Structure formats: C-alpha cells, structure tokens
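To start, the structure under review is shown below, and the notes come after it.
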Amino acid sequence: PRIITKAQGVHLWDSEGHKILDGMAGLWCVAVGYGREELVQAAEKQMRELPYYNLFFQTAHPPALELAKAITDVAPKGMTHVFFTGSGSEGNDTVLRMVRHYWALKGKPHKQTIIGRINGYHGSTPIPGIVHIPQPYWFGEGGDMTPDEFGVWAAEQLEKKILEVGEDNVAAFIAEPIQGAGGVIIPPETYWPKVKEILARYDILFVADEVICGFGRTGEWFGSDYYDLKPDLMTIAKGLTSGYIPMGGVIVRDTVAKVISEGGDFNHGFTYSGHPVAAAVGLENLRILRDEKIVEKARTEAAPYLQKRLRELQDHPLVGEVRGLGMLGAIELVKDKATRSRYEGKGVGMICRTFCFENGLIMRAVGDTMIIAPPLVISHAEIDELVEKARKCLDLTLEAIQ
Amino acid sequence: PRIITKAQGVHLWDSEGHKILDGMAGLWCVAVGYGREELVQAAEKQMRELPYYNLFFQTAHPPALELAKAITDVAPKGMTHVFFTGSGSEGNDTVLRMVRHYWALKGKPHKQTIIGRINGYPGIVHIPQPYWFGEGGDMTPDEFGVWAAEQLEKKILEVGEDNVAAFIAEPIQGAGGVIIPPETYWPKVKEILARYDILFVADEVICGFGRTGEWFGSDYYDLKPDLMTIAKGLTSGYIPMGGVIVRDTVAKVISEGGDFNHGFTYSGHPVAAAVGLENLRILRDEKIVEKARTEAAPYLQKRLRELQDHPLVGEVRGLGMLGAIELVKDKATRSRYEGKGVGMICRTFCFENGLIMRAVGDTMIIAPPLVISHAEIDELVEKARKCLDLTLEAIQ
C-alpha cells in the first residue's frame, strides 16, 4: 500500500522515499505544480479576514471581481463576463441553461438541441435534445484517409447535423478544443478552420469547453486562443486555481451577457460571483501564471522540448504514434504500426499504466492511449525524467506481452 | 457597501472600528462563527501536503473518506452514503438525477415528476407551503397544517403515483423567511408518504449541521428521508462544498444492480473535506450542536419573543437557532404595510446599527452562528428593538 507524504513541483514522494513524477498535473489541474506557498497564503488570508459574504458588507479588494477582471484580460477578445461555479461540471450544466435561456429571451424557444461530439458529450441526464457528430480522432476512426481530409469530413458532419436537426431547433454546438479525457484527441489541421467556416453561416451559439485546455495547457491561455476560435461561452475550472481549491465558471461573450441581463436579469443573479476564498486563490494562481511568465515559458521553452523529446518514443516497437501540442501529449500502443491495430482485448494501456505506477511516473491510460498533461512548470531535467521512465515502461509493457 | 476588516465569533468590524453582529451566520452557513483558526489550518495543511487527487496514490488518511464517515455518523440511521459536490445547488441537481436514475433501474422510468412546495425547489409540480402566518387566513395553525399536508396526497394522485419520482422539501424553508410548519404538518406528510411508492428528499442545505438544534431538520421533525442535500454549514462556509447523503437501500440501487453513476469523481475536493472534517470534529467534540440545543437555543427563543410587545411585530416564531419576526400594520388581521417595503427599512436600520438580520419581504429572520453566547443574544434582541423602534418611527 503506497502512501504519499510530500509533493513538490512535478514530484510526489511515497513513504518509501520513492520519487514520482506526476505527468497528469494532479488531474489536469495542478498548473503551477505542487507546494506553491503563495496560494496557501492567499487562501489563509481570506479565510480569516472574511471567509464568505459579499454585497452590503465586503472586503477592501473583493477577490471575486479582481479574479474575473483577471480572467477577462487573458480571455479571447469579446469575453467580458465571468459567472463562477463550485466546479467545472457545474460550469457545463450552467452553460446548458444559459444557451437555452439565451435563445428564449431572443424569442426563439424552439432553439434547444445541443450538438456534441462522440466522446465529449458530458452528463445531462441520448437525451431528446443532445445530438452527437463524430469525433476528429484520425488515429482510430479515420481509417486510411489523410489527416487533413478526415478532418474536413468530421467538420462537415457538423453542417449536415445542423441542417438535419434544423437551424431553428439548434441552440448550440459545444466542444473541447482538444478532447483530452477521451485520450487527447488532437484534431487534424483542417478541422477547426472548417468548423469556424460552418459556424459562421448558422445562427447557433458556440461553447468551448476549456475545462482542460484552459490556463496554459495548450501553450496559449486557452485552446480557443490556440485554434483561434471565437466562442460565445467558455467553461473553465481546474487550472483556474491549479486545483488547490474547488472552483469553476463560465466566461461569456459581451453580446450574450447583455442578453441574459437586459430583457431578464431574473436568472442573472447579479454575479454573486463565487466563494471569496476560492477566488483569492484563483487570483494569485493567475497572477503567478502571467507575472512569472509560466504560460509564456510553457509555450516557448517547456512545450517545444517536451514535444520533441516525447516523439523520440516513436522508435519503440509498441508505439503506433506520438502526438501532442503545448503541454499535451499522447502515445498510441499498437500491435502493428502499419494498420494501427490494437492488442484486441489484452488491455495493454492498463499494463503500461501499471508499470508507470511501479516506476514513479503518472501517465493516464485511455484504453490503449497513454496521455500526459504535466504541470506547466516542468523543467528540461524533468522532461528527461519523464520520457526516460516512459521508455522503461514501454519496454516493460512489451516484454510483459510475451 | 461598508468595508469589513476583520471577523470573529459572531462579530464583524468595519474600517471605522464599529462592531457588527452577523445574525445570519454569513449566509446561513458560518456555524462555528468566524476566525476559527483550526479550519484555516486544516485547509492550509492539505493544500501543501496534497491539494488534489492523482490517479495512483493518496495520503495516509484521505479527508474525503474521514469526512463522509463523520457525516454518516451524525446522519439519520440508514443514511450510509455521501456523494460530495462543489456546492449546495449542485447537490440539488445531483439528487434530481439520482431519484430519476434510481427509478429507471427499478424498471419504472415513467417515475420522473418531482413534487416541490411553493417557495422552495410537467417535470416539477408544486403544492402550497405551510406558511400559516401569511397563507392560512383564519384557520388554526394545526388544521391549516393538516390541509397543507393533505395537498401533497391530492397532487400525488392527480399526477399519478407511476409518474411521481419524489417529494422534496426543506424541513423548514430557510430562504423564504423561516417558514416553520404547524405541529401537525410533518406527522401528516409522513403518514401520506408511507402510503405511496415515492422517494423523499430532505433539503438540509440550511437545516443541516445544527441549525435546528439537532444535527438535521430530519432529526428534529423525525423524518425518514431517502436522500438529503447538504452544503454551507458542512464547512461553516469557510470553503465551498456540498453533497448528498443517501439511504442505504437507494445507494445499493444506484451502485450495483445498476453500476453507472458513482465512479467518476464525486469524492470531493481534499482541501474542502479537510476543512469540513475539522468543522464537524469541532461541532461534535466541543458540543456546539448540543449546546445550541440545550443552552443557546432556549434563551435565544425566549429573548427574541420579548419583541412581540413591539407595535410593529405581528409574531415572533422560531426553533433551534432559527427565528423570525413578522412586521405588520395590524396584528389582529396580520395585514402588512402594503407596498411600503418595510423589511427594507428595517434591514437598513439593522445595517446602520451593527446587526445583520435578513429581510424576506416583511419577515425579518435570523440564523446566527451556533456558538452565539447569552451576552451576544442580549446584543441581538437589544439592537433588534432599537431598529424596530427606528423602523416604526420612520413609517411616520
């Protein structure tokens, strides 16, 4: 039984004193790495000054506002409003309400169906008003097409579905820039360009799920920045606080915010914001990401090296592919690299995960896809640690297959 | 907006150094009062040791478990499962999923309609609230209660048992002005629920963790709920967290029998749990809940009721650490100062005189920290009177 005693930077240590590199940044979230005392201190300060309560009585510099202001500053242009939640998934629920409630107020209440992709639908409990298009997963679902052309097809499928459902019954299309959860499904070059093209010609809202891509994970602040999308709403969480304290929220384009306020501010609960203690943490977490240039350094210094290094693993017999951008990476485990076939039923990723655990690496396995989203602050040294331990474990996995 | 610099016990101080008594315990939540360093220290400790989960490994004593264990210990008997959320309202959403998903797995997917009450929450239907003071006209409290309870049975039949998933109610409606039910209500509702195959959800977001004097409102009115939404006083509002407590029989049906929506991550944020656990440790181990029941509550209630003499007060009501004051133009008919917005004025004068009572229309309400002292109750009822006198004066 293996118990963690201490955590620092990108590393955990067990009771035995064995060092572990957390390649998944806690669970997608721990951006600035473990043990940043500044965040602890933010929380502490607020918790004793005034833990809860806003409006009528409030602190000298309410963290709710200053955090929102901070978020809108790093957001895509046009995104001026932030409605905070206690979690990321609460964010996605909230956005579903907001898009439907939005269209109602425009006097088009028929607009209700949400178009998701396969393997990124979310909760929402087939519901006679959430439909799916195929995911842009070339490696698994693109057979023998070129990435580029597969992308275009998977993008066109959106247009088809909008028409099939009918524009006047569609409320919104909603997608993670990169699905990352379903195994870092990085789209072909051509996808988002084409989806942009489509969205431009239909009167539907566009929700970027930045729960995972948010706050530096792509190298840019948001995946929406990276793929250059113009979303109407953005769900955030996780890296908002580097996972040091629960918080989520929705960033909202001005034009949309104005509609859920004017007309009817009943459901616009004059942004009671979120919890002061969470916000205080979030604000310091954002201050740190911008002011110590961690996002910038991820883009310019960590990312390029991580990607290069990770790709060296392509030589390994077991690896059908390495893919990744920013601080996202994935490794496909195949029986034959040519046909991209898997070790059917053997559950190989499981084995590879096992060996990662045993050898002081945290990669997550999504089926036969190993994935990584390490803290944005990982060093060259630590990337060397990572790709090294990765290889050890790939060798062990292969060995174990015989 | 007045600028608070520090908070202690049941008191805030502004920049001017003026002392303010928070009669609403933050917003229903701050149970143990402000500035308990123990809670700050719990959060701090966890935030640096291990702020969030990872796929593989965990700390020596994960606070998620220890908190759930702690909750199940204070819960009504049978309540063995806790699914945590990031908020209270996320709890109520979650429970809506759970009750519907529950019935589906029993092979009765038509069971979906939720029966709420008016002023607390086809899809979702409502019955009338047990608010004798406003909506009972000239009936006796007892008989009005029975009627308001019978209205449930009527609605179940109207909707039809095979389409009803659940009935869902706060034991006492906090939000909507401390709507304390007649004696007879909950007894009768129990009677009704006993004869229909529907689930019963207690919304303990507000009544939870001592507010009634017992741990839960469900304890107090002696209800046998199938699910309980919690939040707020779980951490004394020091850090956001919520959850659902779930009867064994229900939990067994949503886990095995229909392996689906209990993996995932409902395990709850370690940092929040650490706080929650210490908050609960404090409530049980320093006997705050017990002392609320036995020492604080009786005195608060007594004292508060002295205000009944005031011209403006149609009624004082309250149990445990809940209280309400009705502001009327004529005590006989229970009429209000229609349209004058009197509660507004009374609230205003409370703010200006270092008291936080919340106004729900013309109902002033209080839910002070469970730790309020006799001294502080004296402070409260005293400032209350001052402000009632000021409000009345201002009406001329």
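Labels used: A, B, ... for chains in the order of the structure tokens, numbers from 1 for residues in each chain, and numbers from 1 for ligands as shown.
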Please build the interface table for chain A against chain B with a cut-off of 7 Å, listing for each qualifying residue the nearest atom pair and the distance in Å to one decimal; count only C-alpha atoms, order rows by chain and increasing number, and write it as a Markdown table.
| residue | atom | partner | partner_atom | distance |
| --- | --- | --- | --- | --- |
| A:2 | CA | B:57 | CA | 6.4 |
| A:3 | CA | B:59 | CA | 5.3 |
| A:4 | CA | B:59 | CA | 5.0 |
| A:5 | CA | B:59 | CA | 6.5 |
| A:6 | CA | B:49 | CA | 5.7 |
| A:7 | CA | B:49 | CA | 6.2 |
| A:26 | CA | B:54 | CA | 4.9 |
| A:27 | CA | B:54 | CA | 5.9 |
| A:34 | CA | B:48 | CA | 7.0 |
| A:35 | CA | B:48 | CA | 4.8 |
| A:40 | CA | B:44 | CA | 5.7 |
| A:44 | CA | B:40 | CA | 5.9 |
| A:47 | CA | B:238 | CA | 6.2 |
| A:48 | CA | B:35 | CA | 5.0 |
| A:49 | CA | B:6 | CA | 5.0 |
| A:50 | CA | B:7 | CA | 6.2 |
| A:51 | CA | B:238 | CA | 5.1 |
| A:52 | CA | B:26 | CA | 6.2 |
| A:53 | CA | B:26 | CA | 5.7 |
| A:55 | CA | B:1 | CA | 6.6 |
| A:56 | CA | B:1 | CA | 4.7 |
| A:57 | CA | B:2 | CA | 5.1 |
| A:58 | CA | B:3 | CA | 5.5 |
| A:59 | CA | B:4 | CA | 5.3 |
| A:60 | CA | B:3 | CA | 6.0 |
| A:86 | CA | B:86 | CA | 4.5 |
| A:87 | CA | B:86 | CA | 5.4 |
| A:90 | CA | B:90 | CA | 6.5 |
| A:125 | CA | B:97 | CA | 6.5 |
| A:243 | CA | B:52 | CA | 6.1 |
| A:244 | CA | B:51 | CA | 5.0 |
| A:245 | CA | B:271 | CA | 6.3 |
| A:246 | CA | B:269 | CA | 6.4 |
| A:275 | CA | B:240 | CA | 6.5 |
| A:277 | CA | B:239 | CA | 6.5 |
| A:357 | CA | B:56 | CA | 6.6 |
- Task: Assign secondary structure with DSSP using the backbone only, and return the residues of segment 84-297 of chain B in strand (DSSP E or B) as a ChimeraX atom specification.
- Result: /B:84-85,113-117,124-127,164-169,173,179,199-203,227-231,242-247
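When only C-alpha atoms are used to measure the gap to residue 364 of chain B, the shortest distance among B:205, B:295, B:333, B:176 belongs to B:176.
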- Message: Could you check the closest approach to residue 135 of chain B for each of B:194, B:304, B:179, B:114 and tell me which residue wins, using only C-alpha atoms?
- Response: B:179
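With atom CA of residue 360 of chain A on one side and atom CA of residue 382 of chain A on the other, the separation reads 12.2 Å.
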- Task: Write down as a PyMOL selection string the residues of segment 192-358 of chain B whose backbone DSSP state falls under alpha helix (DSSP H).
- Result: chain B and resi 192-193+217-221+248-254+270-285+288-291+297-305+342-352
- Message: With distances taken over only C-alpha atoms, which residue among A:176, A:284, A:228, A:144 lies nearest residue 240 of chain A?
- Response: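 Looking at the shortest contact to residue 240 of chain A, the residue is A:284.
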- Task: Would you mind listing what lies within 10 Å of residue 212 of chain A as a list in words, with only C-alpha atoms counted and same-chain residues fewer than 6 positions away left out?
- Result: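 Here the answer would be residues 27, 28, 29, 88, 176, 177, 178, 179, 180, 181, 218, 222, 223, 235, 236, 237, 238, 239 and 373 of chain A.
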Could you write those residues out with N, CA and C atoms, as an mmCIF file, in the first residue's frame?
data_model
loop_
_atom_site.group_PDB
_atom_site.id
_atom_site.type_symbol
_atom_site.label_atom_id
_atom_site.label_comp_id
_atom_site.auth_asym_id
_atom_site.auth_seq_id
_atom_site.Cartn_x
_atom_site.Cartn_y
_atom_site.Cartn_z
ATOM 1 N N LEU A 27 -4.930 16.090 -11.556
ATOM 2 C CA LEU A 27 -5.845 15.595 -12.568
ATOM 3 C C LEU A 27 -6.131 16.727 -13.554
ATOM 4 N N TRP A 28 -5.153 16.998 -14.419
ATOM 5 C CA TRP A 28 -5.263 18.020 -15.450
ATOM 6 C C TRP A 28 -5.051 19.435 -14.910
ATOM 7 N N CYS A 29 -5.055 19.615 -13.584
ATOM 8 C CA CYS A 29 -5.341 20.915 -12.986
ATOM 9 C C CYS A 29 -4.097 21.608 -12.427
ATOM 10 N N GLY A 88 -16.156 22.436 -12.291
ATOM 11 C CA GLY A 88 -16.136 22.523 -13.739
ATOM 12 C C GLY A 88 -17.421 21.959 -14.324
ATOM 13 N N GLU A 176 -14.733 20.576 -26.536
ATOM 14 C CA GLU A 176 -13.387 20.895 -26.077
ATOM 15 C C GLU A 176 -12.553 21.195 -27.322
ATOM 16 N N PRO A 177 -11.703 22.241 -27.373
ATOM 17 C CA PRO A 177 -10.737 22.369 -28.467
ATOM 18 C C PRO A 177 -9.997 21.062 -28.753
ATOM 19 N N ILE A 178 -9.453 20.465 -27.686
ATOM 20 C CA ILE A 178 -8.864 19.140 -27.748
ATOM 21 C C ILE A 178 -9.493 18.288 -26.649
ATOM 22 N N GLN A 179 -10.046 17.125 -27.007
ATOM 23 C CA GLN A 179 -10.926 16.431 -26.095
ATOM 24 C C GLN A 179 -10.280 15.905 -24.837
ATOM 25 N N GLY A 180 -9.019 15.469 -24.835
ATOM 26 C CA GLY A 180 -8.226 15.371 -23.614
ATOM 27 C C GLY A 180 -8.998 14.910 -22.375
ATOM 28 N N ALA A 181 -9.193 13.600 -22.268
ATOM 29 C CA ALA A 181 -10.164 12.987 -21.367
ATOM 30 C C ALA A 181 -10.587 11.706 -22.056
ATOM 31 N N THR A 218 -2.541 24.403 -23.548
ATOM 32 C CA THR A 218 -2.210 24.354 -24.965
ATOM 33 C C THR A 218 -0.909 25.093 -25.266
ATOM 34 N N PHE A 222 -5.838 29.763 -23.612
ATOM 35 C CA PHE A 222 -6.952 28.884 -23.915
ATOM 36 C C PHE A 222 -6.732 28.151 -25.235
ATOM 37 N N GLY A 223 -7.331 26.963 -25.333
ATOM 38 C CA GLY A 223 -7.425 26.264 -26.600
ATOM 39 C C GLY A 223 -8.094 27.128 -27.663
ATOM 40 N N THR A 235 -16.429 27.231 -20.697
ATOM 41 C CA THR A 235 -16.436 26.662 -19.356
ATOM 42 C C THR A 235 -14.994 26.524 -18.884
ATOM 43 N N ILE A 236 -14.740 26.929 -17.628
ATOM 44 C CA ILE A 236 -13.412 26.851 -17.039
ATOM 45 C C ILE A 236 -13.496 26.196 -15.671
ATOM 46 N N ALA A 237 -12.329 25.728 -15.207
ATOM 47 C CA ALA A 237 -12.173 25.100 -13.908
ATOM 48 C C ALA A 237 -10.710 24.731 -13.718
ATOM 49 N N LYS A 238 -10.443 23.840 -12.761
ATOM 50 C CA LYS A 238 -9.171 23.133 -12.689
ATOM 51 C C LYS A 238 -8.036 24.139 -12.543
ATOM 52 N N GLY A 239 -7.355 24.408 -13.659
ATOM 53 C CA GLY A 239 -6.162 25.237 -13.663
ATOM 54 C C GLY A 239 -6.457 26.678 -13.254
ATOM 55 N N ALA A 373 -0.330 15.464 -19.282
ATOM 56 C CA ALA A 373 -0.625 16.878 -19.158
ATOM 57 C C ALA A 373 0.111 17.420 -17.937
#
- Would you mind listing what lies within 7 Å of segment 102-112 of chain A as a ChimeraX atom specification, with only C-alpha atoms counted and same-chain residues fewer than 6 positions away left out? /A:129,168-171,259-260,263
Using the selection just defined, write its residues with N, CA, C and O atoms as a PDB file, in the first residue's frame.
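That gives us again-v3.pdb:
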ATOM      1  N   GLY A 129     -32.594  15.901 -27.178  1.00  0.00           N
ATOM      2  CA  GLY A 129     -32.209  17.278 -27.371  1.00  0.00           C
ATOM      3  C   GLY A 129     -30.720  17.469 -27.080  1.00  0.00           C
ATOM      4  O   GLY A 129     -30.300  18.613 -26.978  1.00  0.00           O
ATOM      5  N   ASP A 168     -33.399  26.232 -36.677  1.00  0.00           N
ATOM      6  CA  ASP A 168     -34.282  26.868 -35.716  1.00  0.00           C
ATOM      7  C   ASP A 168     -34.613  25.949 -34.547  1.00  0.00           C
ATOM      8  O   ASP A 168     -35.442  26.310 -33.711  1.00  0.00           O
ATOM      9  N   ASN A 169     -33.977  24.775 -34.479  1.00  0.00           N
ATOM     10  CA  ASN A 169     -34.081  23.919 -33.306  1.00  0.00           C
ATOM     11  C   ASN A 169     -32.725  23.701 -32.621  1.00  0.00           C
ATOM     12  O   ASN A 169     -32.639  23.001 -31.600  1.00  0.00           O
ATOM     13  N   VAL A 170     -31.663  24.282 -33.191  1.00  0.00           N
ATOM     14  CA  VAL A 170     -30.335  24.118 -32.623  1.00  0.00           C
ATOM     15  C   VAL A 170     -30.063  25.323 -31.735  1.00  0.00           C
ATOM     16  O   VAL A 170     -30.221  26.457 -32.181  1.00  0.00           O
ATOM     17  N   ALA A 171     -29.677  25.048 -30.483  1.00  0.00           N
ATOM     18  CA  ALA A 171     -29.269  26.089 -29.560  1.00  0.00           C
ATOM     19  C   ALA A 171     -27.773  26.327 -29.700  1.00  0.00           C
ATOM     20  O   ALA A 171     -27.349  27.470 -29.866  1.00  0.00           O
ATOM     21  N   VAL A 259     -27.652  39.898 -23.142  1.00  0.00           N
ATOM     22  CA  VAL A 259     -28.962  39.333 -23.406  1.00  0.00           C
ATOM     23  C   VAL A 259     -29.479  38.587 -22.175  1.00  0.00           C
ATOM     24  O   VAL A 259     -30.686  38.477 -21.999  1.00  0.00           O
ATOM     25  N   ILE A 260     -28.592  38.093 -21.306  1.00  0.00           N
ATOM     26  CA  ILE A 260     -29.033  37.344 -20.134  1.00  0.00           C
ATOM     27  C   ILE A 260     -29.089  38.263 -18.912  1.00  0.00           C
ATOM     28  O   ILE A 260     -29.082  37.824 -17.773  1.00  0.00           O
ATOM     29  N   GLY A 263     -33.468  42.523 -20.770  1.00  0.00           N
ATOM     30  CA  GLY A 263     -34.531  41.589 -21.116  1.00  0.00           C
ATOM     31  C   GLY A 263     -35.044  40.844 -19.884  1.00  0.00           C
ATOM     32  O   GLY A 263     -36.243  40.878 -19.591  1.00  0.00           O
TER      33      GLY A 263
END
